[PDB]
Amino acid sequence: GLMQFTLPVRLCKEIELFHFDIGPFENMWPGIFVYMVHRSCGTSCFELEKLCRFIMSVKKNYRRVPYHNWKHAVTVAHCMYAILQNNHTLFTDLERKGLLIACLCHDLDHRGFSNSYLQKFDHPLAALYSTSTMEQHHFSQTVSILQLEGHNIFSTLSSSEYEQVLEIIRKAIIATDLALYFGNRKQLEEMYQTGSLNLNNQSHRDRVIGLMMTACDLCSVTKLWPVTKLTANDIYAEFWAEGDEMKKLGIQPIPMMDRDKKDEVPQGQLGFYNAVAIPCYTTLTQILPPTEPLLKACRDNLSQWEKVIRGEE
Ligand SMILES: Cc1ncc(C)n2nc(CCc3nc(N4CCCC4)nn3C)nc12
Ligand SMILES: [Mg+2]
Ligand SMILES: [Zn+2]
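Numbering (the numbering used here), first residue to last: 1 to 313.
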C-alpha cells in the first residue's frame, strides 16, 4: 500500500512528455504502465497483485507481430497517460480507470492483418463480427482476461460502476477502428465550430474519447523523427506481408500493402499525414488545448517526410 513504483530520473521526467519512447527494455514496460496508473488514477485504483496478474495475461495475449504487439499496447497507453495528465479535471474517476486499461487491451490477440484481409480470407472472426472485426475481438479478449481467477481489477466497483467502465472500454476499443474515425472527427469538427459541443452530454464525451483513442493509436507520428521513421518500417512489414497474402488469394492488394511500391512510401506517408493524422490532432487540440504538442510533433514529422521526398534525406 505504501509501495510506489519509481523510475530512473530520465524516465521519471521524460514519461510526462507526449513524445516519450518507452525504450527497448521489454521487462521495464509493466513497471512503466503501473507507474502511469498510480499517477493518473491513484495507488488505490487497483489491487497491485490483481493489476500485475492482469498486465502479464494481457502481455501473453499479444502476438510476436512486427507492429500490433505488446510495445504498441504500452506506447498507446503512455500517450493516453499524457493526455489525461495534461487535462486533470476534465475526466471522471471511472474514465481514468478505464482508458489506460482500454489502451493496453485495444489490439489484444492482433494477428498482423486488417479487417479487410479477415473478410477476404473468410476467417471465422469475420462471421462472428461483420464490422470492426478485430476491434470486437480485442474487446472480447479483454472481458475473457478480466474473468480469469485473480484478474478482476474492477472487483471493488459497484455492479453499475463495473457496467459503466466496461462500456467506456468497449466504446474506446471499437473507436480504434480507423474506418469509424473519419465520420467521428467530422461530427466533432461540426459540433465544435457550431458551438453545440457539450461535455455533459454522454454521446459527445463518447465521441471525444473516440478521438483521444485514434490520437493515442496513431502516436508514432508524434515521436522524435528516428522513432517515427523506424516505427514506419514495422507498420509496412505488416502491411506488405498482408499484401503477399492478398496475392496468394489471387487479389491485387492496395498500394499501401504492395511491397513492389516501397519507392512510393514517402508520398504514402504524406497522404496519411494530410488525410488522417493532422486532422486528428487538429480537432483534438481544438477540443483539448493542452494536447497541442501532439499536433506540433505531427507537423514536424510531416515536414521530415517532405524532406525525404526532396532527397534532403
Ligand atoms: C504512420 C502510420 N500510423 C498508423 C497507420 C494505420 N498507418 N498507415 C500508414 C500507411 C500510409 C500509406 N502508405 C501508402 N502507400 C502507398 C504506396 C506506398 C505507401 N498509402 N498510404 C495511405 N502509415 C501509418
Ligand atoms: Mg487496432
Ligand atoms: Zn492499435
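A virtual CB, placed ideally from N, CA and C, is assigned to each residue, including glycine.
Chain-ordered, the residues whose CB falls short of 5 Å from any heavy atom of ligand 2 come out as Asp-107 and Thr-176. Between the C-alpha atoms of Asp-109 and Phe-20 there is a straight-line separation of about 25 Å.
In this structure, ligand 1 has no non-hydrogen atom nearer than 8 Å to the beta-carbon of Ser-303. Nearest Cα to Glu-167 within the set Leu-99, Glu-149, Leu-224 and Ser-114: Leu-99. Contact holds between the stretch 304-311 and the stretch 258-269, because three or more Cβ pairs, one in each stretch, are under 8 Å apart. The way I'd put it, the stretch 276-291 does touch the stretch 205-224; three or more beta-carbon pairs between them come closer than 8 Å. Where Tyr-81 is concerned, the enclosing alpha helix (DSSP H) starts and stops at 70-86.
Here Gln-141 carries a helix assignment [DSSP, helix/strand/coil].
Taking a C-beta distance under 9 Å as the contact criterion, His-68 and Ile-32 do not qualify as a contact pair. By the criterion of at least three beta-carbon pairs nearer than 8 Å, the stretch 159-179 is not in contact with the stretch 236-252.
The closest heavy atom of ligand 3 lies less than 8 Å from the beta carbon of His-72.
Runs of the beta strand (DSSP E) lying entirely within the stretch 112-137, each at least 3 residues long, are absent. If you look at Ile-55, you'll find it in the alpha helix (DSSP H) that goes 48-61. Counted as a single uninterrupted DSSP element, the alpha helix (DSSP H) harbouring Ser-203 occupies residues 202-217.
Between ligand 1 and the CB of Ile-251, the shortest heavy atom gap is not smaller than 8 Å. For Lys-97, the enclosing alpha helix (DSSP H) begins and ends at 93-105. Buried is the label assigned to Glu-238, since at least 16 other Cβ atoms lie within 10 Å of its Cβ. In this structure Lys-71 touches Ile-22 by the C-beta definition: roughly 7 Å separates them, less than 8 Å. Relative to ligand 1, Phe-18 has its C-beta separated by 8 Å or more from all heavy atoms. The C-beta of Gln-252 has fewer than 16 other C-beta atoms within 10 Å across all chains shown, which makes the residue exposed. Under the three-state reduction of DSSP, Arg-310 is assigned to coil, being neither helix nor strand. If the five residues before and after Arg-111 are omitted, its C-beta is found closer than 6 Å to no C-beta atom of its own chain. Of the heavy atoms belonging to ligand 3, none sits nearer than 8 Å to the Cβ of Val-276. The distance from the Cβ of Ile-145 to that of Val-208 is about 27 Å, inconsistent with a contact at the 8 Å cut-off. By the neighbour-count definition (other C-beta atoms within 10 Å, threshold 16), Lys-97 is a buried residue. One alpha carbon belongs to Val-227, the other to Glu-95, and they sit about 29 Å apart.
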